[PDB]
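Heads up: the sequence lines are chains AI, AC, AN and AJ, in that order.
The deposited numbering numbers the first residue of the first sequence as 4 and each following residue consecutively.
The deposited numbering numbers the first residue of the second sequence as 1 and each following residue consecutively.
The deposited numbering numbers the first residue of the third sequence as 40 and each following residue consecutively.
The deposited numbering numbers the first residue of the fourth sequence as 5 and each following residue consecutively.
Beta carbons: idealized from backbone N, C-alpha and C, even for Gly.
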Amino acid sequence: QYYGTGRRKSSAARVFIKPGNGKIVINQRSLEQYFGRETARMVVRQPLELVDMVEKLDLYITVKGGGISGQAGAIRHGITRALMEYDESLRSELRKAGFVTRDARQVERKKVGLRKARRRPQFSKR
Amino acid sequence: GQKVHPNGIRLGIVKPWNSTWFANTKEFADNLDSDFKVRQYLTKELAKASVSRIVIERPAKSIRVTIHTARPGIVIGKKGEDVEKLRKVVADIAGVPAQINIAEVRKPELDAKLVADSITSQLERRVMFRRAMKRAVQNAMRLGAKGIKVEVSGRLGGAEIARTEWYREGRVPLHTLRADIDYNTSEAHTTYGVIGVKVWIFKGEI
Amino acid sequence: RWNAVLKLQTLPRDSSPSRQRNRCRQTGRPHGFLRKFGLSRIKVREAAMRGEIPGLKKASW
Amino acid sequence: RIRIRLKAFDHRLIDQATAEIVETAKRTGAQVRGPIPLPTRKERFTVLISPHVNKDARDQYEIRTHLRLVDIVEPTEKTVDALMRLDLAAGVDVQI
RNA sequence: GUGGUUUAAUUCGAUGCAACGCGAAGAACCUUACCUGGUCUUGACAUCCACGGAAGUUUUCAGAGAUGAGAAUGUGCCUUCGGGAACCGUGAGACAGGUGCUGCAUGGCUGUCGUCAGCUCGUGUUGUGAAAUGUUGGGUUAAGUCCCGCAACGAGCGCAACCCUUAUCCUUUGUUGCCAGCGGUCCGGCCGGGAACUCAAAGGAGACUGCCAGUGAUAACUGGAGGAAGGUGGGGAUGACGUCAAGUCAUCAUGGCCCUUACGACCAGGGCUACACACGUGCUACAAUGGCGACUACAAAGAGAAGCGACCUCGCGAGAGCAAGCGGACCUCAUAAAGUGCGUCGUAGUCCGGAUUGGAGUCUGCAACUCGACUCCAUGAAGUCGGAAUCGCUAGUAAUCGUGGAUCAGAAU
Numbered sequence: 004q005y006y007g008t009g010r011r012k013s014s015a016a017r018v019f020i021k022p023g024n025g026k027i028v029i030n031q032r033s034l035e036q037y038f039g040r041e042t043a044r045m046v047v048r049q050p051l052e053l054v055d056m057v058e059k060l061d062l063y064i065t066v067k068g069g070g071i072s073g074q075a076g077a078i079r080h081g082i083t084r085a086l087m088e089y090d091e092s093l094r095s096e097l098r099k100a101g102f103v104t105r106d107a108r109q110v111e112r113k114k115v116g117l118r119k120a121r122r123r124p125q126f127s128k129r
Numbered sequence: 001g002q003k004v005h006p007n008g009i010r011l012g013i014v015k016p017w018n019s020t021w022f023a024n025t026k027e028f029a030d031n032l033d034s035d036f037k038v039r040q041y042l043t044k045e046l047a048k049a050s051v052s053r054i055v056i057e058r059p060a061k062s063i064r065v066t067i068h069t070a071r072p073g074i075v076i077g078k079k080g081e082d083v084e085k086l087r088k089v090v091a092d093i094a095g096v097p098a099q100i101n102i103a104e105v106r107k108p109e110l111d112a113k114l115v116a117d118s119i120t121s122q123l124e125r126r127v128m129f130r131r132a133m134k135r136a137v138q139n140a141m142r143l144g145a146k147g148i149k150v151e152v153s154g155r156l157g158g159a160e161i162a163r164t165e166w167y168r169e170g171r172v173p174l175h176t177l178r179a180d181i182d183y184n185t186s187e188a189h190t191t192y193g194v195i196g197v198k199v200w201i202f203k204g205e206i
Numbered sequence: 040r041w042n043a044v045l046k047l048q049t050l051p052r053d054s055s056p057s058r059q060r061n062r063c064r065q066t067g068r069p070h071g072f073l074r075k076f077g078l079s080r081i082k083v084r085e086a087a088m089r090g091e092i093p094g095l096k097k098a099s100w
Numbered sequence: 005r006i007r008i009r010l011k012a013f014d015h016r017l018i019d020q021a022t023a024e025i026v027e028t029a030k031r032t033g034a035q036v037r038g039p040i041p042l043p044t045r046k047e048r049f050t051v052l053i054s055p056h057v058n059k060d061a062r063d064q065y066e067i068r069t070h071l072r073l074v075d076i077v078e079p080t081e082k083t084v085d086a087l088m089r090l091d092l093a094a095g096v097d098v099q100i
């Protein structure tokens, strides 16, 4: 068995990789069940495709906090890093995609003086 | 343009508050108004004494009030007569039985709040400020310190056009939020007009 | 009014002394009065701002 | 086995009281499970800094309600005598 | 909101950018500073003196109110019984007050060109002098950033650095967390139980062009590996010598000037939301990658004492009556919306769009006929996307959707 923390935005998804059929369990619920009708759901298992696993691995996931979208990215990271433990050599190929990198973007307070907290209000054709 | 109040900009760091007491959502207003009303008299009746500061602490129904003066003798009065007068007259302001203290200040030259008064006092009279500042800055510099700076605006020397005398020694980093620079500000009534007196005393980095 | 303010009459009708109510002293409103001052919610405010009410002060935030 | 949760608005007056509660119980009784922070529920306000225009300002404010645990086990007669008698902090609400 | 027009008054200031939801972070009386009419006083506010009753409470008569008249409980307190402290009321004296004018007389604070990037000093040297040199020149940089050269050598304000929030990790700690692990389970962490994980809090660790290749005199630039993040990683506070004689004397303080039966005070009653038009700033629009009904799945940050209001009952509903719990990361505001599953609607001014108007009702408030918001029924317009110009932006950002909060009894699109 192997483990992966995985984090994105405001969500944590522990990934416990285990050799098996290829079914994953998200909070005691099937992958499709939890992520029901959310095209993005697919990206969650992307890291497993690169190194070609899934049909060889069975995963047990535990996610909490944030939203389904964020959880999807969190579980992804957890899977990528978990794959590393199984075989470090996977890094050389799994890293090129950037799956080992955690998206640091965080919904920052929409500061004022600007409309986007970052983006400032320009001026008319002076 | 102005520069962030040195004292107010370093309150989070080396620079305690004038009044420290527990929270109180509904009493915060009254207590403060009381702390301000007590300062009112301590800022006048305690003038001739070099009132550097007036710390304030408040238990349930009490207050300490520690007036730091350069010459506590004038505050205490003849064999301790004035202090009795104060505590009483102050009680009239707020029934709450208040305490009182008279912690002296070792060498006023290090106290900014006082350096300002000494400078304005001479100006109120009528003396070449260029000398006042030059001396004042030298005094605090003489008594030690690592830096000092004095500034007087208004119509210096009774001149028609307003000016701003400078002068300073050592280091007075207002940006270095750590320097712990004791600030001050003393007004100055005059026949020709008002004039502000600002003095900075940098003592130790930490 | 002058007729409703029968409260002024110390001796209540057939009803026991409990009949005696309140009524404001200024406006004479029975709706919302303040026992301590004997004034209604509307008069206590007007009297407050005027400062005619001793010891009373507006709470601040 | 007595747990003492100390909560208050000011962060300092708590460290003072909480520390005292420990030090005093450190002698007569056990060494205490040690004073700890615990989760602090925060209440923040976002009002306009400047009264006019500068709509794009409104600073942030916050009023925190800190907590503590301490928790003193193996209480002796003197272990409590050192508590009931001395009590300074006023902005601190004790819960034994 | 404003101009104009208007009015008994519809207070005043602000005006190209740096006037126009502008001071008013909230005008129903109050606030207001306006108008008609009735009416007063040491007086709405400050200090003090002399003086016969004097603290204080509750009623009556008259009245539109104000006001006037009048009647009844009755003093502790410092000292002996007289004096006497206090506040209070009348009579009398000495006096206050003014958002009334001038911010080109001003302090303070703030806006602006500007976060724009440079601006200067001490001493030396050159010139009769105003000044120059140093801040010029070559390379380089986002930058007087840095390097090299040079009578210049150093220094100050600025830059950078010093603090906080956010991104990865660790240590300390856990009544939040979770069978992650085991046991029980009304299978709700719920319980036992344990701190791993998330989280909470504090401290600490961490990038510095160091390593590799190319170019270069150097600085440095370009590519690359390692790496959670890299070349100031990302967001705050902070705004130089000075400018416009910028704004405010209605925040406050202040020099001069000006009024003190009245440019003071009280009360009753009237407007600012008056229109043939003109302008600025905004809002709501036209669908089926849509609207509607039922069912159903996830959020964060916030608020609550007479207040948030579960639950029950009455009403189509607003709401009303009753009423539990919390004082609150354990009770409530809450339902999150879009989303998902199922069903319904056909291109016509239409189940598009909601103006306007009629009727009924709820709620706040002393009291909503010019001046309310909201609910239900009925009515249901213009509009089928727009003539000349012109405005907003480079990433979780645009665009789009919904939610909580400050001010606050209540017009925030």
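Beta-bridge pairing of residue i - partner residues as DSSP gives them
i: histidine 70 of chain AJ; result: AJ/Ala12
i: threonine 66 of chain AC; result: AC/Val55 and AC/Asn101
i: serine 19 of chain AC; result: AC/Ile56
i: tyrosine 65 of chain AJ; result: AJ/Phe49
i: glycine 7 of chain AI; result: AI/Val18
i: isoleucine 76 of chain AJ; result: AJ/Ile6
i: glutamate 169 of chain AC; result: AC/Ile148
i: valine 98 of chain AJ; result: Its beta-bridge partners do not exist; DSSP assigns none.
i: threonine 176 of chain AC; result: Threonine 176 of chain AC is not bridged to any residue.
i: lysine 198 of chain AC; result: AC/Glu151 and AC/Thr185
Minimum C-alpha distance to residue i - residue among the options
i: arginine 106 of chain AC; options: AC/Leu114, AC/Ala162 and AC/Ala60; result: AC/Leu114
i: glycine 170 of chain AC; options: AC/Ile181, AC/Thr164 and AC/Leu177; result: AC/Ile181
i: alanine 93 of chain AJ; options: AJ/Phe13, AJ/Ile53, AJ/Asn58 and AJ/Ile6; result: AJ/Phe13
i: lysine 48 of chain AC; options: AC/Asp35, AC/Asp30, AC/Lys37 and AC/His68; result: AC/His68
i: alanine 140 of chain AC; options: AC/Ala162, AC/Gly157 and AC/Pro108; result: AC/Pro108
i: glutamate 66 of chain AJ; options: AJ/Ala86, AJ/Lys30 and AJ/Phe49; result: AJ/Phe49
i: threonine 65 of chain AI; options: AI/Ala16, AI/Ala107, AI/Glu41 and AI/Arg10; result: AI/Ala16
i: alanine 107 of chain AI; options: AI/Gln4, AI/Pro124 and AI/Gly9; result: AI/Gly9
i: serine 19 of chain AC; options: AC/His5, AC/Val65 and AC/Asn7; result: AC/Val65
i: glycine 77 of chain AC; options: AC/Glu45, AC/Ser62, AC/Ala94 and AC/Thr190; result: AC/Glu45
i: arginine 5 of chain AJ; options: AJ/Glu24, AJ/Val77 and AJ/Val51; result: AJ/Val77
i: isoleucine 148 of chain AC; options: AC/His175, AC/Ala94 and AC/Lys203; result: AC/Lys203
i: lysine 61 of chain AC; options: AC/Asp30, AC/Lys88 and AC/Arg53; result: AC/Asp30
i: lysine 21 of chain AI; options: AI/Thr42, AI/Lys12, AI/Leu93 and AI/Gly7; result: AI/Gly7
i: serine 118 of chain AC; options: AC/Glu187, AC/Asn24 and AC/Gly144; result: AC/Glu187
i: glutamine 40 of chain AC; options: AC/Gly1, AC/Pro6 and AC/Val89; result: AC/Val89
Cα-Cα separation between residue i and residue j, rounded to whole angstroms
i: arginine 122 of chain AI; j: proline 97 of chain AC; result: 57 Å
i: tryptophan 41 of chain AN; j: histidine 70 of chain AN; result: 16 Å
i: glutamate 27 of chain AJ; j: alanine 179 of chain AC; result: 34 Å
i: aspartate 63 of chain AJ; j: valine 115 of chain AI; result: 9 Å
i: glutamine 99 of chain AJ; j: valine 152 of chain AC; result: 56 Å
i: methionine 128 of chain AC; j: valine 197 of chain AC; result: 14 Å
i: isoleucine 82 of chain AI; j: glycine 25 of chain AI; result: 13 Å
i: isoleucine 102 of chain AC; j: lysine 85 of chain AC; result: 14 Å
i: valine 199 of chain AC; j: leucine 123 of chain AC; result: 14 Å
i: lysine 79 of chain AC; j: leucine 42 of chain AC; result: 20 Å
i: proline 124 of chain AI; j: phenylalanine 72 of chain AN; result: 54 Å
i: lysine 146 of chain AC; j: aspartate 111 of chain AC; result: 13 Å
i: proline 39 of chain AJ; j: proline 79 of chain AJ; result: 16 Å
C-beta atoms of residue i and residue j nearer than 8 Å
i: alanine 116 of chain AC; j: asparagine 184 of chain AC; result: yes
i: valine 36 of chain AJ; j: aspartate 75 of chain AJ; result: yes
i: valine 150 of chain AC; j: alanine 162 of chain AC; result: no
i: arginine 79 of chain AI; j: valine 28 of chain AI; result: no
i: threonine 83 of chain AJ; j: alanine 29 of chain AJ; result: yes
i: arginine 62 of chain AN; j: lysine 46 of chain AN; result: yes
i: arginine 155 of chain AC; j: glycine 193 of chain AC; result: yes
i: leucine 17 of chain AJ; j: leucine 42 of chain AJ; result: no
i: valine 38 of chain AC; j: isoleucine 74 of chain AC; result: no
*What residue ranges within the stretch 139-163 of chain AC form continuous beta strand (DSSP E) runs of no fewer than 3 residues, ordered along the chain?*
Runs found: 147-152.
*asked:* Extract the residue ranges of the alpha helix (DSSP H) inside the stretch 70-94 of chain AC, only unbroken runs of 4 or more that lie entirely within it.
replied: Counting only runs of 4 or more, we get 72-76 and 82-93.
*Can you list the alpha helix (DSSP H) stretches of 4 or more residues lying completely in the stretch 14-99 of chain AI, in chain order?*
With a minimum length of 4 residues, the unbroken runs of alpha helix (DSSP H) contained wholly in the stretch 14-99 of chain AI fall at 34-37, 49-53, 71-89 and 94-97.
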